[PDB]
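So the structure is just underneath, and the comments pick up after that.
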Amino acid sequence: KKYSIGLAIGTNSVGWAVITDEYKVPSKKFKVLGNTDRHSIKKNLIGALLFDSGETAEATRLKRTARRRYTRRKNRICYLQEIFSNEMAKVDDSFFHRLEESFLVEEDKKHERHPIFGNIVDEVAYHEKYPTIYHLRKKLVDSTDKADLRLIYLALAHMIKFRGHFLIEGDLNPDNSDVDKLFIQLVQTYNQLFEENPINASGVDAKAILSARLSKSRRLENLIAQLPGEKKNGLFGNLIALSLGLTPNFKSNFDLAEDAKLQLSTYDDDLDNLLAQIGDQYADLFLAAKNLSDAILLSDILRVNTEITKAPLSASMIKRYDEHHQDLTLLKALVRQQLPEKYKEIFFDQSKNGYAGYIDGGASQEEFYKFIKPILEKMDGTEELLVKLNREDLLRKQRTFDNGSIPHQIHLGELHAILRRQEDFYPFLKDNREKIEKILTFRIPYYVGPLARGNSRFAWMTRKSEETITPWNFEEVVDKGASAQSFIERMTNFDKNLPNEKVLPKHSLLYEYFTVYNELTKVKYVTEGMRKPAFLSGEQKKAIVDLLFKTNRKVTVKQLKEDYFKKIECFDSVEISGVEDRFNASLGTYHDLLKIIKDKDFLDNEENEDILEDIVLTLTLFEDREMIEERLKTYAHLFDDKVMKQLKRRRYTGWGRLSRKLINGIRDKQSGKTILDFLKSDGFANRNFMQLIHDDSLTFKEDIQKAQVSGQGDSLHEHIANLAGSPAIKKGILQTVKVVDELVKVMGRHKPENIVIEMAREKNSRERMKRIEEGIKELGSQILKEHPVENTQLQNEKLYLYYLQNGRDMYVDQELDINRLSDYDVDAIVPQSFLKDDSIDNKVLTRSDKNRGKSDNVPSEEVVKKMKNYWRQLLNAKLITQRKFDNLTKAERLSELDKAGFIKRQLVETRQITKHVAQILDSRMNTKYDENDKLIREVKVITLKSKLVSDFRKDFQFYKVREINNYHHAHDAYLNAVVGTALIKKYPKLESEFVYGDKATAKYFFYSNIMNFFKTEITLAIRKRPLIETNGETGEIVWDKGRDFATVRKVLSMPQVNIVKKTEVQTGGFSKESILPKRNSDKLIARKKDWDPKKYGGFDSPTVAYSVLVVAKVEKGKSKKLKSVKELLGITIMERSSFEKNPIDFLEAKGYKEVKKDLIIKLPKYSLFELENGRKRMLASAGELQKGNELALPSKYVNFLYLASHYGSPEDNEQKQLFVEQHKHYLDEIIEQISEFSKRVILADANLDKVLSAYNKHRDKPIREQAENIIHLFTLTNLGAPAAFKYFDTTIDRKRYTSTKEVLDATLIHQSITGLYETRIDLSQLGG
RNA sequence: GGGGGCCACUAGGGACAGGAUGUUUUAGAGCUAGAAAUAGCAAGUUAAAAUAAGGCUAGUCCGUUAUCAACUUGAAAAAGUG
DNA sequence: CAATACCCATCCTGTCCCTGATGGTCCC
DNA sequence: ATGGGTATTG
Ligand SMILES: [K+]
Ligand SMILES: [K+]
Ligand SMILES: [K+]
Ligand SMILES: [K+]
Ligand SMILES: [K+]
Ligand SMILES: [K+]
Ligand SMILES: [K+]
Ligand SMILES: [K+]
Ligand SMILES: [K+]
Ligand SMILES: [K+]
Ligand SMILES: [K+]
Ligand SMILES: [K+]
Ligand SMILES: [Mg+2]
Ligand SMILES: [Mg+2]
């Protein structure tokens, strides 16, 4: 009794099948438990587990961090209130109490309902005086009078509660950067550097032009237009563009070779890098430009003169309010005069998108502008209002979405101003001025995380002392250093060879020395007289390092040949091997530090090694400039303040993969030399890192083995979670392992012969729009400016390719037409006959694919000559990738080995995740070791790609139609088992390539014809094969083409297939997040304990974690007479912990009495119930059901639907077409099969009748179209939740099962993971 | 085949610190002519508070991921059962 | 009860770690 | 997006 297992691992499914020697699927009687008359049941050993997608932790994390932010904002306000407590108690002893209960209805308010003052007169007077908070803010900033303390608190609290971003380090408002003066200083430094070519900037109103609410390039065009004989791409134009935020190219301005693209948003290097070529001579010039950027940016936020107020922000908000008032008055009068019938709809209808809906309804600024633009264009006198509308500056509010550009420094300026104003009248303000400022300014450093005390699995902070941390004691109670170190050390890897050693920083000098020597030691060179290529000696390698690697950032092969072999060795022709074009490794950190410290002798002295290694470490471990300075202070005596400042400014990111103790630490017992010592010099063997750690002559290997530790073993689940993959496929993996365990238990604990596994292949429009916007603005093209596109629009392949190609053909240097995209072609770079890649990375939009060249290869050489420059531009704009660029440019460098490789890649799985699944299964099956202490592989784990069984299905007409039912997962698993076992039986030599564990034309031919042994006749550029295919060596039979195909057909035709939808408790949010308005409904859920939703609104739509069958009695009528009931009670996710802590008390609180504690059945989502005539339902909620049956459509109809819908040789195409038309009656039959199914199980009379009418309406339609829509028809029959579908143009809405009463008398079915083991409970025997 | 260092390019996972809206109740005295329904007009831009109910471990912490047929013995974790 | 239509929080900045996919190079 | 909650109409 031998057998194999076939598995199909997917993101929502795991298919499984058991096969025997004859590729047959067994069938057993399985015991049935429960209280029904059935004691056993016949099961086929084939099925598929279904489950909802595994979810990512992203949403949970976002909610967690937002939670923390709300807590901490509340704490900011609490600090501020604690500061005011005593003096406010002297002014108004209940002010903060009125504030805390501002939400409460007056009935529930324990104080006066007017918050600020507590009487109606003063409150109305306040609001008349300061219609917005910014009015009071500006007053307190500018005025010299003593203010009411409550008014002060309100302004300061408004600044603290909404403080603004911190994306700008340092302080702000350096003389308030009025744009004219920075523009003038730019002109001045430009005229300083170019006295012969000066710019006349007189009469140019830079303030208006650069601060205008216009696009960057348009403001650039305006300013350039104000300068005759001066162009936008010149030096000054490029500087103004850089100040406006564009990406100008300074190459052409200074006749550069290096492309000097600069954007102020790598710039720190990109400027230094550039300055080198033209000197520091020009630095100040560019600097006078950078400042302007700041000013321009501030001109976006502060739209008022900054010399009339120290509150430019609040003044600009008041400008908004005043223009809103004026424009609203004018608009009201205009509409009164010209369109008097619309006035109401505009100013009274909250449902309409007029001013009413804009202020009181749900209309956004954008929706209101869209609603009122035609009304303004239709009337007269609205020209200025239309101008303000198109500038997005009409009837503006003050609390909006574009306020994210307001830095915290501005709010801080106004806060500090108010403090210095009123600290003269209150002493507690003066003595707590810096404290309040710190309340506004303090941020938890990202490298500290939560300030937990041992109850957060996310926390890592170390405390210098054990006491409550506040904004003013943070630097003292918290260890910024140890916390910033643990921030990274908990996420970095250790050296795999020496597990207890930390890896080196990636940009470590020692690490880069290692990499360069390791690459340089395998180089070989030949000259004319030499007999054989030779290695570089230790002396030669040191000479190359000193002369070349320590003088150029990158060392090319040309530099090696000329600057060394010619200069030193006196060789006119030298052939180099082991390195191509240039060296991969390089001593970049050496050159950074040589620029910064300018002491080459310091860098070359081995004595300073340690120090340098520390510095880089410090520069990499930390990112806070203050901390970097504090750490580098111990070397302050070695460098000037210039060098030390330049040194603290430089920072590195990322870490290496080896430890210092491996590179330059452990030494060989006899040589005393470390690894790096062998790299620098190793006789005439020049052994690299791998050889060094594998030669038994040396002790490196033995010490590596000894250093190895294993630690604690993960559980299966722990091991799977720590894998690298999408959590959905990990859910699939774990379910697969559980399935295999249960299947082995079914077979009497006998382990299978083989296990064949296949793994399915694997918001976004926002990323697409970002890709194109960046590529086109980096490109500098106005095709996006004239052709606007929305994010959704990029879900079209051809249009997305159009924008990625800048509207040009990719094989011809010509423009493409948008409206002609239907006439163009989308071609694969490397042909899909070789690389089955259908992504944008291997596809190209061209006018005609003929223009690619020959279709059997990579684009021809002529196209590459024509288009390499344009492709390089698309590559630098990141519109095409480097892999795409390399495949496009391969003709100047496709070989037969490449084709053999592509074909093998289509068949041999190499994804690491599938190998991990194979490793898990193999280590669970094969556990014993032989006499040589080598693993005994009883169970062979084979892995296959989907194309094998796909091609098998299409070649032998075992077609799949996914929409008919869920049987195709299990069928895929079965075919996988069969194909894999037969394949390794026929060619055992291929075990290496397909089983886990330890000429180009020949392999091309072989791997292309590997699957031909199944066929009877093969036509290959006609040969015929025997009926019985056997193994050549063993003589064992692998495939009988007369009998085994019939076996496969019978297995696919079997109607009983164990589909099991995984029952899962629901988790996540309590309910819909929308805070609904007050309503007289018990569906409303209180957002806080005392906030009765009928007064305050609240949530609805709670999510049921799982339902519960309650058999009890409830009071009835005014007499409270106990009446026995049996019903489904949905325990909501929020009620879950309370219900589980004590279920009797929970249920009695809900109203139930005398609950039978033993008849309480937990029913998760998708719980299975069987009713009459085999009709099945799954629990969707406590009050709704999903379809629970599969429609087992016969195989002839499945194949007919495949062929007819257009889901080879022209003669075979004709035979298939002829079979379609000869079996046309199948159509009606299929309908019949659906109807009898629906009437039996679905029970949607209206829908089935509408569908029958639709089918009888389109009987004259073409057969292909009718079949395509019959495919849609199965949405009515499909397992699971009902959904709407369309038969041609008729739309069928979903019939829901809005009542769960019937299942209380049906039979509940508990299934094991495979569905082979059942427990069935007659629920009709409960109640009375 | 499997594994490693490097280079180049991409696709995804995880954690932290922050920003702007939104929503909800209250506050921002609506007025007049009618008894009222209702008519006419005025006004509107702002704020406070909450933003998973809440928890104990009381931290400027934690509360939406992963995991879950049934049954026996189990406080549970977990084994066992056809 | 049955059918029907409607609703559903959104957007953004920064710092950092990790694997895996493809191509290439040098090795065990 | 899907698919369960909700109010409306009946
Ligand atoms: K009261
Ligand atoms: K000009
Ligand atoms: K609104
Ligand atoms: K190279
Ligand atoms: K860093
Ligand atoms: K010094
Ligand atoms: K879920
Ligand atoms: K879950
Ligand atoms: K490699
Ligand atoms: K916020
Ligand atoms: K009001
Ligand atoms: K289950
Ligand atoms: Mg809270
Ligand atoms: Mg708000």
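All residue names refer to the structure tokens as shown: chains lettered A, B, ... in order, residues numbered from 1 in each chain, ligands numbered from 1 in order.
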
Name the residues, by chain letter and number, that sit within 8 Å of ligand 7 using only C-alpha atoms (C1' of nucleotides) and all ligand atoms, and give them as a VMD selection string. chain A and resid 52 to 55 1066 to 1068

Could you work out which residues of chain B fall inside 10 Å of chain A? Count only C-alpha atoms (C1' of nucleotides), and format the result as a PyMOL selection string. chain B and resi 1-2+4-10+12-29+44-54+57+59-71+82

Please dump the current selection as a PDB file, in the first residue's frame; keep C-alpha atoms (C1' of nucleotides).
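Saved as out37.pdb:
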ATOM      1  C1'   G B   1      21.862  21.339  -8.187  1.00  0.00           C
ATOM      2  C1'   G B   2      22.947  23.836  -3.264  1.00  0.00           C
ATOM      3  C1'   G B   4      29.034  32.672  -0.140  1.00  0.00           C
ATOM      4  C1'   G B   5      31.474  37.802  -0.843  1.00  0.00           C
ATOM      5  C1'   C B   6      31.065  41.821  -4.171  1.00  0.00           C
ATOM      6  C1'   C B   7      28.493  45.229  -8.151  1.00  0.00           C
ATOM      7  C1'   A B   8      24.097  47.017 -10.527  1.00  0.00           C
ATOM      8  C1'   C B   9      18.803  47.210 -10.409  1.00  0.00           C
ATOM      9  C1'   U B  10      14.225  46.281  -8.635  1.00  0.00           C
ATOM     10  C1'   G B  12       8.150  43.134  -0.887  1.00  0.00           C
ATOM     11  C1'   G B  13       8.224  42.505   4.886  1.00  0.00           C
ATOM     12  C1'   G B  14       9.064  44.891  10.006  1.00  0.00           C
ATOM     13  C1'   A B  15       9.627  48.670  13.724  1.00  0.00           C
ATOM     14  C1'   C B  16       9.735  53.802  15.441  1.00  0.00           C
ATOM     15  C1'   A B  17       9.039  59.152  15.709  1.00  0.00           C
ATOM     16  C1'   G B  18       5.763  62.871  13.633  1.00  0.00           C
ATOM     17  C1'   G B  19       2.045  66.173  10.351  1.00  0.00           C
ATOM     18  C1'   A B  20      -2.801  67.913   8.093  1.00  0.00           C
ATOM     19  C1'   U B  21      -7.859  66.974   7.485  1.00  0.00           C
ATOM     20  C1'   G B  22     -12.535  64.306   8.664  1.00  0.00           C
ATOM     21  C1'   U B  23     -16.354  63.116  11.942  1.00  0.00           C
ATOM     22  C1'   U B  24     -19.199  63.668  16.459  1.00  0.00           C
ATOM     23  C1'   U B  25     -21.765  66.910  20.870  1.00  0.00           C
ATOM     24  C1'   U B  26     -21.502  71.499  22.816  1.00  0.00           C
ATOM     25  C1'   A B  27     -20.302  76.959  22.451  1.00  0.00           C
ATOM     26  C1'   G B  28     -20.539  81.038  18.622  1.00  0.00           C
ATOM     27  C1'   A B  29     -27.993  85.072  21.908  1.00  0.00           C
ATOM     28  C1'   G B  44     -22.016  80.822   8.016  1.00  0.00           C
ATOM     29  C1'   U B  45     -15.098  80.560   7.776  1.00  0.00           C
ATOM     30  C1'   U B  46     -13.885  79.358  14.751  1.00  0.00           C
ATOM     31  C1'   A B  47     -13.054  76.596  19.305  1.00  0.00           C
ATOM     32  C1'   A B  48     -13.246  72.718  23.279  1.00  0.00           C
ATOM     33  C1'   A B  49     -13.425  67.400  23.758  1.00  0.00           C
ATOM     34  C1'   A B  50     -13.114  62.283  21.772  1.00  0.00           C
ATOM     35  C1'   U B  51     -10.848  59.573  18.074  1.00  0.00           C
ATOM     36  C1'   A B  52     -11.255  52.046  18.733  1.00  0.00           C
ATOM     37  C1'   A B  53     -15.402  50.410  24.592  1.00  0.00           C
ATOM     38  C1'   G B  54     -11.260  50.266  27.729  1.00  0.00           C
ATOM     39  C1'   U B  57       1.296  45.983  34.812  1.00  0.00           C
ATOM     40  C1'   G B  59       4.176  53.077  31.738  1.00  0.00           C
ATOM     41  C1'   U B  60       3.993  60.054  28.391  1.00  0.00           C
ATOM     42  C1'   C B  61       2.551  51.744  28.590  1.00  0.00           C
ATOM     43  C1'   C B  62      -0.768  48.331  26.250  1.00  0.00           C
ATOM     44  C1'   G B  63      -5.617  47.444  23.177  1.00  0.00           C
ATOM     45  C1'   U B  64      -7.248  45.657  15.012  1.00  0.00           C
ATOM     46  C1'   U B  65      -1.043  41.189  12.565  1.00  0.00           C
ATOM     47  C1'   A B  66       0.080  35.882  13.439  1.00  0.00           C
ATOM     48  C1'   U B  67      -2.669  31.406  15.613  1.00  0.00           C
ATOM     49  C1'   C B  68      -8.108  28.553  16.069  1.00  0.00           C
ATOM     50  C1'   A B  69     -13.063  21.751  13.304  1.00  0.00           C
ATOM     51  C1'   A B  70     -15.013  18.460  17.051  1.00  0.00           C
ATOM     52  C1'   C B  71     -14.070  15.389  21.385  1.00  0.00           C
ATOM     53  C1'   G B  82     -11.432   7.294  13.803  1.00  0.00           C
TER      54        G B  82
END

As a CSV table (one decimal) with N, CA, C and O atoms, in the first residue's frame, please: every protein or nucleic acid residue near ligand 5 (cut-off 8 Å, counting only C-alpha atoms (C1' of nucleotides) and all ligand atoms).
chain,number,residue,atom,x,y,z
A,619,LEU,N,29.8,57.2,12.8
A,619,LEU,CA,29.0,57.9,11.7
A,619,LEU,C,27.9,57.1,11.2
A,619,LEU,O,26.9,57.6,10.7
A,620,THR,N,28.0,55.7,11.3
A,620,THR,CA,27.0,54.8,10.7
A,620,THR,C,25.9,54.5,11.8
A,620,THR,O,24.7,54.5,11.5
A,621,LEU,N,26.4,54.2,13.0
A,621,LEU,CA,25.5,53.8,14.1
A,621,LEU,C,24.5,54.9,14.4
A,621,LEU,O,23.3,54.7,14.7
A,622,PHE,N,24.9,56.2,14.3
A,622,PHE,CA,24.0,57.3,14.7
A,622,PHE,C,23.7,58.2,13.5
A,622,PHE,O,24.3,58.2,12.4
A,623,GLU,N,22.6,58.9,13.6
A,623,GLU,CA,22.1,59.9,12.7
A,623,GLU,C,21.9,61.3,13.3
A,623,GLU,O,21.9,62.3,12.5
A,651,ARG,N,27.7,61.2,7.0
A,651,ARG,CA,27.0,60.1,7.6
A,651,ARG,C,26.9,59.0,6.6
A,651,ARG,O,26.8,59.2,5.4
A,652,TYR,N,26.9,57.7,7.1
A,652,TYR,CA,26.7,56.5,6.4
A,652,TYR,C,25.6,55.7,6.8
A,652,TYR,O,25.2,55.8,8.0
A,653,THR,N,25.1,54.9,5.9
A,653,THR,CA,23.9,54.0,6.2
A,653,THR,C,24.3,52.6,5.7
A,653,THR,O,24.9,52.4,4.7
A,654,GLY,N,23.8,51.6,6.4
A,654,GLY,CA,24.0,50.2,6.0
A,654,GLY,C,25.2,49.5,6.6
A,654,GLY,O,26.1,50.2,7.1

Which chain C residues have any atom within 6 Å of an atom of chain A, and for each, what is the nearest pair of atoms with distance in Å to one decimal, counting only C-alpha atoms (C1' of nucleotides), rows sorted by chain and number, as a tab-separated table?
residue	atom	partner	partner_atom	distance
C:17	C1'	A:491	CA	4.9
C:19	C1'	A:724	CA	5.6
C:27	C1'	A:690	CA	5.7
C:28	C1'	A:690	CA	5.9

Let me see the file: selected residues, C-alpha atoms (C1' of nucleotides), as a PDB file, in the first residue's frame.
ATOM      1  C1'  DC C  17      16.762  47.250   9.647  1.00  0.00           C
ATOM      2  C1'  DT C  19      15.172  39.225   2.364  1.00  0.00           C
ATOM      3  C1'  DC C  27      35.182  31.024  -5.358  1.00  0.00           C
ATOM      4  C1'  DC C  28      33.369  26.250  -1.789  1.00  0.00           C
TER       5       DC C  28
END

Write down as a PyMOL selection string the residues of range 220-462 of chain A whose backbone DSSP state falls under alpha helix (DSSP H). chain A and resi 220-225+235-244+267-278+283-301+312-338+343-347+355-359+365-378+383-390+408-422+427-431+433-441
